[PDB]
Number of protein chains: 2
Amino acid sequence: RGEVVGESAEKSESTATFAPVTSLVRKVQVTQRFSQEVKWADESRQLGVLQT
Amino acid sequence: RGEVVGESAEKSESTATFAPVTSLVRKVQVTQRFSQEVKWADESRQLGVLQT
């Protein structure tokens with residue numbers, strides 16, 4: 001901030017202030033599990049369950 | 001000083017005497033102090049107060 005001062009009046013100081021801010025890190029996973037019979041049924045009957 | 005002695009009278013000494021004298025060292029200073037306004041007024045209005 002600026003200050004108004006007279007002829008010989010004593011000046012002040014007013015300085016900027018700073019702060020650091022930090023990221024986190026987040027690992028996300030999705031795992032889906034199915035029987036071999038599902039892969040055989042899907043790919044013979046043309047179901048598209050595995051594609052969905 | 002000279003001396004008048006005679007036929008076989010005893011001489012006396014009369015010897016010059018000396019002394020030193022020392023100077024002194026004098027540091028002499030002049031300081032004048034003025035507000036930055038006095039400088040701005042002087043150089044704008046051409047007062048000649050700073051040169052004086």
# chains A, B, ... in the order shown; residues from 1 in each chain; ligands from 1
>>> interface_residues(of="chain B", to="chain A", cutoff="8 Å", atoms="only C-alpha atoms", output="VMD selection string")
chain B and resid 35 to 37
>>> write_last_selection(atoms="N, CA and C atoms", output="mmCIF file, in the first residue's frame")
data_model
loop_
_atom_site.group_PDB
_atom_site.id
_atom_site.type_symbol
_atom_site.label_atom_id
_atom_site.label_comp_id
_atom_site.auth_asym_id
_atom_site.auth_seq_id
_atom_site.Cartn_x
_atom_site.Cartn_y
_atom_site.Cartn_z
ATOM 1 N N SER B 35 15.152 19.216 2.837
ATOM 2 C CA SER B 35 14.133 18.283 2.339
ATOM 3 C C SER B 35 14.157 18.181 0.815
ATOM 4 N N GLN B 36 13.777 17.054 0.217
ATOM 5 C CA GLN B 36 13.733 16.909 -1.247
ATOM 6 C C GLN B 36 12.811 17.941 -1.924
ATOM 7 N N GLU B 37 11.778 18.418 -1.241
ATOM 8 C CA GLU B 37 10.981 19.573 -1.641
ATOM 9 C C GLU B 37 11.819 20.820 -1.920
#
>>> calpha_fit_and_write(fixed="chain B", moving="chain A", output="mmCIF file with N, CA and C atoms, in the first residue's frame")
data_model
loop_
_atom_site.group_PDB
_atom_site.id
_atom_site.type_symbol
_atom_site.label_atom_id
_atom_site.label_comp_id
_atom_site.auth_asym_id
_atom_site.auth_seq_id
_atom_site.Cartn_x
_atom_site.Cartn_y
_atom_site.Cartn_z
ATOM 1 N N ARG A 1 76.547 33.350 26.233
ATOM 2 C CA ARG A 1 77.164 34.643 26.567
ATOM 3 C C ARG A 1 78.679 34.549 26.664
ATOM 4 N N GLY A 2 79.378 35.570 26.188
ATOM 5 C CA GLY A 2 80.825 35.699 26.347
ATOM 6 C C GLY A 2 81.254 36.082 27.759
ATOM 7 N N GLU A 3 82.448 35.683 28.158
ATOM 8 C CA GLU A 3 83.044 36.005 29.448
ATOM 9 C C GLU A 3 84.411 36.642 29.255
ATOM 10 N N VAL A 4 84.733 37.689 30.010
ATOM 11 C CA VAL A 4 86.096 38.232 30.062
ATOM 12 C C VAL A 4 86.884 37.554 31.173
ATOM 13 N N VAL A 5 88.125 37.197 30.879
ATOM 14 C CA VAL A 5 89.004 36.457 31.787
ATOM 15 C C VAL A 5 90.411 37.031 31.744
ATOM 16 N N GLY A 6 91.091 37.059 32.884
ATOM 17 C CA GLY A 6 92.479 37.502 32.985
ATOM 18 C C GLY A 6 93.479 36.558 32.331
ATOM 19 N N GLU A 7 94.735 36.679 32.733
ATOM 20 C CA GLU A 7 95.832 35.913 32.150
ATOM 21 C C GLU A 7 95.655 34.406 32.370
ATOM 22 N N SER A 8 95.729 33.948 33.617
ATOM 23 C CA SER A 8 95.511 32.544 33.992
ATOM 24 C C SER A 8 94.186 32.280 34.717
ATOM 25 N N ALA A 9 93.232 33.208 34.676
ATOM 26 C CA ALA A 9 91.942 33.057 35.356
ATOM 27 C C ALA A 9 91.087 31.935 34.745
ATOM 28 N N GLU A 10 90.332 31.236 35.587
ATOM 29 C CA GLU A 10 89.499 30.093 35.214
ATOM 30 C C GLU A 10 88.305 30.483 34.344
ATOM 31 N N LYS A 11 88.216 29.891 33.157
ATOM 32 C CA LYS A 11 87.107 30.051 32.214
ATOM 33 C C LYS A 11 85.834 29.326 32.655
ATOM 34 N N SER A 12 84.675 29.856 32.287
ATOM 35 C CA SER A 12 83.337 29.257 32.453
ATOM 36 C C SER A 12 82.802 28.674 31.142
ATOM 37 N N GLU A 13 81.643 28.020 31.176
ATOM 38 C CA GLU A 13 80.858 27.669 29.988
ATOM 39 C C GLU A 13 79.438 28.219 30.087
ATOM 40 N N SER A 14 78.903 28.591 28.940
ATOM 41 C CA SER A 14 77.572 29.125 28.749
ATOM 42 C C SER A 14 77.103 28.634 27.400
ATOM 43 N N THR A 15 76.146 27.726 27.394
ATOM 44 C CA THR A 15 75.677 27.047 26.192
ATOM 45 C C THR A 15 74.280 27.507 25.816
ATOM 46 N N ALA A 16 73.987 27.500 24.520
ATOM 47 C CA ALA A 16 72.630 27.643 24.026
ATOM 48 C C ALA A 16 71.675 26.607 24.650
ATOM 49 N N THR A 17 70.386 26.932 24.726
ATOM 50 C CA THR A 17 69.307 26.006 25.111
ATOM 51 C C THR A 17 68.212 25.977 24.052
ATOM 52 N N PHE A 18 67.552 24.837 23.884
ATOM 53 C CA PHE A 18 66.582 24.580 22.823
ATOM 54 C C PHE A 18 65.314 23.954 23.409
ATOM 55 N N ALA A 19 64.172 24.148 22.753
ATOM 56 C CA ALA A 19 62.906 23.517 23.119
ATOM 57 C C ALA A 19 62.109 23.126 21.868
ATOM 58 N N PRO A 20 61.443 21.965 21.837
ATOM 59 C CA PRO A 20 60.523 21.613 20.767
ATOM 60 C C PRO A 20 59.133 22.197 21.023
ATOM 61 N N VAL A 21 58.439 22.572 19.958
ATOM 62 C CA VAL A 21 57.025 22.963 19.978
ATOM 63 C C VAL A 21 56.270 22.184 18.909
ATOM 64 N N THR A 22 55.004 21.864 19.159
ATOM 65 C CA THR A 22 54.248 20.892 18.350
ATOM 66 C C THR A 22 52.956 21.466 17.783
ATOM 67 N N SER A 23 52.577 21.078 16.565
ATOM 68 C CA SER A 23 51.258 21.404 16.028
ATOM 69 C C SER A 23 50.177 20.572 16.726
ATOM 70 N N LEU A 24 48.928 21.003 16.631
ATOM 71 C CA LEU A 24 47.786 20.096 16.726
ATOM 72 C C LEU A 24 47.280 19.808 15.316
ATOM 73 N N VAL A 25 46.268 18.963 15.209
ATOM 74 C CA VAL A 25 45.527 18.717 13.971
ATOM 75 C C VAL A 25 44.043 18.830 14.262
ATOM 76 N N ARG A 26 43.318 19.542 13.403
ATOM 77 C CA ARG A 26 41.927 19.950 13.598
ATOM 78 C C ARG A 26 41.128 19.662 12.343
ATOM 79 N N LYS A 27 40.141 18.780 12.425
ATOM 80 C CA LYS A 27 39.246 18.430 11.321
ATOM 81 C C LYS A 27 37.951 19.193 11.501
ATOM 82 N N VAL A 28 37.580 19.969 10.495
ATOM 83 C CA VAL A 28 36.337 20.740 10.476
ATOM 84 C C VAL A 28 35.462 20.290 9.319
ATOM 85 N N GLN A 29 34.171 20.239 9.584
ATOM 86 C CA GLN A 29 33.138 19.735 8.697
ATOM 87 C C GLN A 29 31.968 20.699 8.701
ATOM 88 N N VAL A 30 31.307 20.852 7.564
ATOM 89 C CA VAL A 30 30.020 21.536 7.486
ATOM 90 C C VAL A 30 29.062 20.650 6.724
ATOM 91 N N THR A 31 27.911 20.353 7.320
ATOM 92 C CA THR A 31 26.878 19.493 6.735
ATOM 93 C C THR A 31 25.554 20.232 6.709
ATOM 94 N N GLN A 32 24.904 20.317 5.556
ATOM 95 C CA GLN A 32 23.599 20.965 5.412
ATOM 96 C C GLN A 32 22.577 19.974 4.883
ATOM 97 N N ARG A 33 21.359 19.990 5.411
ATOM 98 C CA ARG A 33 20.325 18.980 5.168
ATOM 99 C C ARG A 33 19.015 19.639 4.746
ATOM 100 N N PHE A 34 18.386 19.127 3.698
ATOM 101 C CA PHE A 34 17.176 19.685 3.094
ATOM 102 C C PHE A 34 16.297 18.597 2.474
ATOM 103 N N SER A 35 14.997 18.847 2.349
ATOM 104 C CA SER A 35 14.049 17.895 1.761
ATOM 105 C C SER A 35 14.128 17.862 0.243
ATOM 106 N N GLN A 36 13.765 16.743 -0.378
ATOM 107 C CA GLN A 36 13.716 16.611 -1.838
ATOM 108 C C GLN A 36 12.808 17.667 -2.494
ATOM 109 N N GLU A 37 11.699 18.025 -1.843
ATOM 110 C CA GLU A 37 10.801 19.102 -2.273
ATOM 111 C C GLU A 37 11.524 20.443 -2.453
ATOM 112 N N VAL A 38 12.570 20.724 -1.676
ATOM 113 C CA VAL A 38 13.400 21.925 -1.815
ATOM 114 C C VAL A 38 14.220 21.868 -3.089
ATOM 115 N N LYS A 39 14.795 20.715 -3.442
ATOM 116 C CA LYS A 39 15.543 20.563 -4.690
ATOM 117 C C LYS A 39 14.642 20.753 -5.897
ATOM 118 N N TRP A 40 13.444 20.171 -5.877
ATOM 119 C CA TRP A 40 12.441 20.365 -6.921
ATOM 120 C C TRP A 40 11.977 21.820 -7.029
ATOM 121 N N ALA A 41 11.690 22.493 -5.915
ATOM 122 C CA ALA A 41 11.270 23.892 -5.932
ATOM 123 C C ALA A 41 12.385 24.813 -6.440
ATOM 124 N N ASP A 42 13.598 24.678 -5.910
ATOM 125 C CA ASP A 42 14.783 25.400 -6.348
ATOM 126 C C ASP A 42 14.968 25.314 -7.858
ATOM 127 N N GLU A 43 15.028 24.103 -8.400
ATOM 128 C CA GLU A 43 15.413 23.905 -9.784
ATOM 129 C C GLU A 43 14.283 24.161 -10.780
ATOM 130 N N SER A 44 13.030 24.276 -10.343
ATOM 131 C CA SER A 44 11.900 24.635 -11.212
ATOM 132 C C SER A 44 11.619 26.134 -11.201
ATOM 133 N N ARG A 45 11.678 26.775 -10.029
ATOM 134 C CA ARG A 45 11.471 28.220 -9.853
ATOM 135 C C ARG A 45 12.729 29.067 -10.051
ATOM 136 N N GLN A 46 13.876 28.442 -10.319
ATOM 137 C CA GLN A 46 15.183 29.085 -10.479
ATOM 138 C C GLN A 46 15.639 29.839 -9.223
ATOM 139 N N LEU A 47 15.367 29.331 -8.018
ATOM 140 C CA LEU A 47 15.643 30.087 -6.786
ATOM 141 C C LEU A 47 17.135 30.339 -6.526
ATOM 142 N N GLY A 48 17.997 29.346 -6.727
ATOM 143 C CA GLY A 48 19.422 29.440 -6.392
ATOM 144 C C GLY A 48 19.733 29.326 -4.898
ATOM 145 N N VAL A 49 18.784 28.893 -4.074
ATOM 146 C CA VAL A 49 19.010 28.514 -2.674
ATOM 147 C C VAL A 49 20.116 27.470 -2.577
ATOM 148 N N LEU A 50 20.048 26.400 -3.362
ATOM 149 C CA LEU A 50 21.060 25.350 -3.318
ATOM 150 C C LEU A 50 22.436 25.841 -3.755
ATOM 151 N N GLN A 51 22.532 26.715 -4.757
ATOM 152 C CA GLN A 51 23.811 27.339 -5.086
ATOM 153 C C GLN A 51 24.322 28.247 -3.961
ATOM 154 N N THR A 52 23.487 29.081 -3.341
ATOM 155 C CA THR A 52 23.943 29.868 -2.189
ATOM 156 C C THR A 52 24.388 28.971 -1.038
#
>>> select_by_dssp(residues="chain A", states="alpha helix (DSSP H)", output="PDB file with N, CA and C atoms, in the first residue's frame")
ATOM      1  N   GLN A  36     -13.734 -67.585 -17.592  1.00  0.00           N
ATOM      2  CA  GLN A  36     -13.436 -67.947 -18.981  1.00  0.00           C
ATOM      3  C   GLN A  36     -14.699 -68.317 -19.777  1.00  0.00           C
ATOM      4  N   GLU A  37     -15.670 -68.972 -19.137  1.00  0.00           N
ATOM      5  CA  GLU A  37     -16.979 -69.283 -19.719  1.00  0.00           C
ATOM      6  C   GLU A  37     -17.710 -68.038 -20.238  1.00  0.00           C
ATOM      7  N   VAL A  38     -17.520 -66.872 -19.621  1.00  0.00           N
ATOM      8  CA  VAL A  38     -18.084 -65.597 -20.078  1.00  0.00           C
ATOM      9  C   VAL A  38     -17.426 -65.148 -21.367  1.00  0.00           C
ATOM     10  N   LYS A  39     -16.104 -65.288 -21.506  1.00  0.00           N
ATOM     11  CA  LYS A  39     -15.407 -64.943 -22.746  1.00  0.00           C
ATOM     12  C   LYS A  39     -15.857 -65.829 -23.894  1.00  0.00           C
ATOM     13  N   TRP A  40     -15.988 -67.134 -23.659  1.00  0.00           N
ATOM     14  CA  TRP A  40     -16.517 -68.076 -24.641  1.00  0.00           C
ATOM     15  C   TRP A  40     -17.969 -67.774 -25.024  1.00  0.00           C
ATOM     16  N   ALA A  41     -18.848 -67.493 -24.062  1.00  0.00           N
ATOM     17  CA  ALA A  41     -20.242 -67.165 -24.348  1.00  0.00           C
ATOM     18  C   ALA A  41     -20.368 -65.850 -25.125  1.00  0.00           C
ATOM     19  N   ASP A  42     -19.705 -64.790 -24.671  1.00  0.00           N
ATOM     20  CA  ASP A  42     -19.637 -63.500 -25.343  1.00  0.00           C
ATOM     21  C   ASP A  42     -19.249 -63.649 -26.808  1.00  0.00           C
ATOM     22  N   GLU A  43     -18.117 -64.289 -27.080  1.00  0.00           N
ATOM     23  CA  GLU A  43     -17.549 -64.300 -28.415  1.00  0.00           C
ATOM     24  C   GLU A  43     -18.203 -65.312 -29.354  1.00  0.00           C
ATOM     25  N   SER A  44     -19.012 -66.248 -28.858  1.00  0.00           N
ATOM     26  CA  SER A  44     -19.772 -67.186 -29.696  1.00  0.00           C
ATOM     27  C   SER A  44     -21.182 -66.686 -29.987  1.00  0.00           C
ATOM     28  N   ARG A  45     -21.864 -66.115 -28.988  1.00  0.00           N
ATOM     29  CA  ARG A  45     -23.216 -65.549 -29.112  1.00  0.00           C
ATOM     30  C   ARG A  45     -23.251 -64.094 -29.582  1.00  0.00           C
TER      31      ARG A  45
END
>>> decode(residues="chain A", atoms="C-alpha atoms", output="PDB file, in the first residue's frame")
ATOM      1  CA  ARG A   1       0.000   0.000   0.000  1.00  0.00           C
ATOM      2  CA  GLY A   2       1.033   3.603  -0.718  1.00  0.00           C
ATOM      3  CA  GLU A   3       1.469   6.188   2.068  1.00  0.00           C
ATOM      4  CA  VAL A   4       1.079   9.995   1.955  1.00  0.00           C
ATOM      5  CA  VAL A   5       3.827  11.902   3.797  1.00  0.00           C
ATOM      6  CA  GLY A   6       4.567  15.589   4.476  1.00  0.00           C
ATOM      7  CA  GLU A   7       7.762  17.520   3.752  1.00  0.00           C
ATOM      8  CA  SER A   8      10.168  15.910   6.294  1.00  0.00           C
ATOM      9  CA  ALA A   9       7.692  13.359   7.781  1.00  0.00           C
ATOM     10  CA  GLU A  10       8.949   9.791   8.465  1.00  0.00           C
ATOM     11  CA  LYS A  11       8.187   7.206   5.734  1.00  0.00           C
ATOM     12  CA  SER A  12       6.873   3.643   6.423  1.00  0.00           C
ATOM     13  CA  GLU A  13       7.292   0.315   4.553  1.00  0.00           C
ATOM     14  CA  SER A  14       4.546  -1.987   3.281  1.00  0.00           C
ATOM     15  CA  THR A  15       5.693  -5.072   1.382  1.00  0.00           C
ATOM     16  CA  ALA A  16       3.932  -7.756  -0.625  1.00  0.00           C
ATOM     17  CA  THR A  17       3.436 -11.206   1.035  1.00  0.00           C
ATOM     18  CA  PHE A  18       3.565 -14.632  -0.681  1.00  0.00           C
ATOM     19  CA  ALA A  19       2.518 -18.237   0.114  1.00  0.00           C
ATOM     20  CA  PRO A  20       3.236 -21.618  -1.586  1.00  0.00           C
ATOM     21  CA  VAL A  21       0.405 -24.075  -2.380  1.00  0.00           C
ATOM     22  CA  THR A  22       0.954 -27.747  -3.310  1.00  0.00           C
ATOM     23  CA  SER A  23      -0.684 -30.451  -5.455  1.00  0.00           C
ATOM     24  CA  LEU A  24      -1.477 -33.933  -4.231  1.00  0.00           C
ATOM     25  CA  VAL A  25      -1.079 -37.020  -6.446  1.00  0.00           C
ATOM     26  CA  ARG A  26      -3.925 -39.548  -6.802  1.00  0.00           C
ATOM     27  CA  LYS A  27      -3.697 -42.980  -8.490  1.00  0.00           C
ATOM     28  CA  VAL A  28      -7.025 -44.472  -9.589  1.00  0.00           C
ATOM     29  CA  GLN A  29      -7.571 -48.006 -10.863  1.00  0.00           C
ATOM     30  CA  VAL A  30     -10.525 -49.990 -12.194  1.00  0.00           C
ATOM     31  CA  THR A  31     -10.316 -53.806 -12.249  1.00  0.00           C
ATOM     32  CA  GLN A  32     -13.059 -56.108 -13.606  1.00  0.00           C
ATOM     33  CA  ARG A  33     -13.041 -59.920 -13.169  1.00  0.00           C
ATOM     34  CA  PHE A  34     -14.961 -62.621 -15.102  1.00  0.00           C
ATOM     35  CA  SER A  35     -14.873 -66.402 -15.778  1.00  0.00           C
ATOM     36  CA  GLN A  36     -13.436 -67.947 -18.981  1.00  0.00           C
ATOM     37  CA  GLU A  37     -16.979 -69.283 -19.719  1.00  0.00           C
ATOM     38  CA  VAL A  38     -18.084 -65.597 -20.078  1.00  0.00           C
ATOM     39  CA  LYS A  39     -15.407 -64.943 -22.746  1.00  0.00           C
ATOM     40  CA  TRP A  40     -16.517 -68.076 -24.641  1.00  0.00           C
ATOM     41  CA  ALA A  41     -20.242 -67.165 -24.348  1.00  0.00           C
ATOM     42  CA  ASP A  42     -19.637 -63.500 -25.343  1.00  0.00           C
ATOM     43  CA  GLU A  43     -17.549 -64.300 -28.415  1.00  0.00           C
ATOM     44  CA  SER A  44     -19.772 -67.186 -29.696  1.00  0.00           C
ATOM     45  CA  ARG A  45     -23.216 -65.549 -29.112  1.00  0.00           C
ATOM     46  CA  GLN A  46     -21.935 -62.068 -30.188  1.00  0.00           C
ATOM     47  CA  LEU A  47     -23.082 -60.537 -26.842  1.00  0.00           C
ATOM     48  CA  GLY A  48     -20.641 -57.564 -26.606  1.00  0.00           C
ATOM     49  CA  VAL A  49     -20.616 -57.720 -22.755  1.00  0.00           C
ATOM     50  CA  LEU A  50     -16.794 -57.642 -22.857  1.00  0.00           C
ATOM     51  CA  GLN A  51     -16.791 -54.627 -25.214  1.00  0.00           C
ATOM     52  CA  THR A  52     -19.279 -52.762 -22.947  1.00  0.00           C
TER      53      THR A  52
END
